[PDB]
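Considered here are two forms of the same protein chain, supplied as structure tokens in two stand-alone entries, structure 1 and structure 2.
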Structure 1
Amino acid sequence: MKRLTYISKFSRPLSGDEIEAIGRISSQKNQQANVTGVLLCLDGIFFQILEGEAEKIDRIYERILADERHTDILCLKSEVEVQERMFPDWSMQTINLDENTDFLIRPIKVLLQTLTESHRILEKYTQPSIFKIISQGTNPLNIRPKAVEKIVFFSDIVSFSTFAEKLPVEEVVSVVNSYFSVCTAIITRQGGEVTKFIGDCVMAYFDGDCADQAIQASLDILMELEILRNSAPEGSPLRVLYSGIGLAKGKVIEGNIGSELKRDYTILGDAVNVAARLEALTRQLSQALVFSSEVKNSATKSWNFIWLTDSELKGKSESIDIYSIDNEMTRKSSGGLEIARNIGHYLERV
């Protein structure tokens, strides 16, 4: 048996009668599927527990995810190998706590609402990967550190300091947040983890055998930024949003790193400095994407690699062969330094 617990937000005001109707239809369908559970609502939040055979639960959950009446759905707990039902008599019991005025329920209602409001704010400041660990029954704070091979991804906005000097503060934050949204969506789609934002820079990582996905994510980010620049409104600062990207591979420490007050689940190791140094090299090259030979040698697809004769690294141990991809993007550029001049002239005049 499987049991799922999730919370969600009303997409729109729902009357008491609409909530009842959801419970009625839910009861009718769940009974046929030998599914049981409970549905609670409180001040625009749904809480639901569903239990039954895993095959049936998975299908019902997918349907519920498509329901336009709620949004921001977060699974808090996914129990598998369950051997005893919690709510055996309830195909779907619906409890509208807004309408309840029992005396002993009152203080529990207040606490649940206060905790939920706080939880839903903290979710926005937490990486989603933490939630999947929690939902599976593991406390991420107890994960022991391990050494593991990763592909490290660094991307950094070109000449961001210019934006900050020429634009109102709200517009500056809008540009950087737009950049982070573009990169996060594509990295996550390719199976990477965005682990930290460092000013105008994205730090992410992929599994050590996922060089092909790291390369593809990088190429797709560069293409998305070109579309964004070309399709932005007249006078928009997004027209001069450019990035570099550097990739490196190596053994890093993955674990909980920080103080008693605040920790991060993240990585530590030399491959991080190598990726950051390679990203910085793009300011001196025509190419916006650079990566080390270890990344090139770990790829399995027949990428259009180009070997670059600009291995002037610093801080390394024995230098590094540098590669890029030769396509329409990394080829037709004004290079770096020329781009930085272009950004200042454009922003001076808007």
Structure 2
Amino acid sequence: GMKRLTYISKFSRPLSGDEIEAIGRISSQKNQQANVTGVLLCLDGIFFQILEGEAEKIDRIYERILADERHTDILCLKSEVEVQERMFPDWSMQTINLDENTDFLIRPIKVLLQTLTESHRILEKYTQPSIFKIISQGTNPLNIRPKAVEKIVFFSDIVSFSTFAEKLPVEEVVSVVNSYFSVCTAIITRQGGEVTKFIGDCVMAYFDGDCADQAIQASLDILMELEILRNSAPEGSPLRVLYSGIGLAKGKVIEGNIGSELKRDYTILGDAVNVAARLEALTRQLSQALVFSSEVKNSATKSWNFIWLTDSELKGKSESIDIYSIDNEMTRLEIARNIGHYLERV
């Protein structure tokens, strides 16, 4: 059946009007051979494209388009599955270069398009990466039916964050937290997790319920990167005393259209506050940078060097759960007093 994608992208490099003409002419030739139709517009370094045709052919062309080095920041705004008729039946690929168009009525429209796209790019930064994935799969996020799914939940925090905020100017605190968040988000994403929110200095993320190995690997990689960061920072850098505690648990997450008219969310983990606070307490109490429950340990498939540490309570239920870590050089209140002294004289 027929599929129609709409996406926007950014010129990765300046492109002349003749290069854009060539892109359109090659696309028209290739699309004609594939029975694909659509339209390509450019304006001030932005591409807009609509492609329609057999789902199979569309997905293969779009993969090729994703790899084309001449644009970047590809965002699919809309994916329509089960499309009934073509919008552009006579256009294998029609190319409309708006930079070159001087028509009277199109001038205000170009301003509007530019403004909508730019506002769209701002909003893209402040939205959960996971809404865009639902869109790309062809569903309106506001119309998802609720579902409960087991996840591995990741929480990490900054040791003695309050000391940073007390001892450094706000711009330096923000530089520290942004380095932290950048390290965590990059590694979690590369291991297939999704960061769902920042709660103060705490990063909250999900992994699929059978992806314990990926969650553990991501945790170890974060610890290794922070060690590299502390060692390699300039003399006197506040980054030298950036440490993190990480906890992993298993939870039942609800996915759906959650919230109010004023604010929506895609997912809810009930009592997230309490699980995170209990895991931060464990990492301090055990002086262990990584702790996780037996449920996480039992969902793993690789032969990790597990070490049993203690019993604890993670959910408000009075169930006593075994807490494990990984026994390696990395993982092998203390840090808080060191933090303050160092930050005092930098």
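By rigid core we mean the largest C-alpha set that fits within 1.5 Å across both forms. Sequence positions of structure 1, starting at 1, serve as the residue numbers.
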* Asked: If we fit on the core, is the Cα of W303 displaced 2 Å or more between structure 1 and structure 2?
  -> no
Taking 2 Å as the cut-off, check whether the CA of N230 shifts that much or more between structure 1 and structure 2 after a rigid core fit.
no
Per C-alpha superposition, the smaller rigid part rotates against the larger one between structure 1 and structure 2 by an angle in degrees of 18
Once the two forms are overlaid on the core, the CA atom of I60 shifts between structure 1 and structure 2, in angstrom, by 7.1
Once the two forms are overlaid on the core, the CA atom of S155 shifts between structure 1 and structure 2, in angstrom, by 0.2
Once the two forms are overlaid on the core, the CA atom of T116 shifts between structure 1 and structure 2, in angstrom, by 1.1
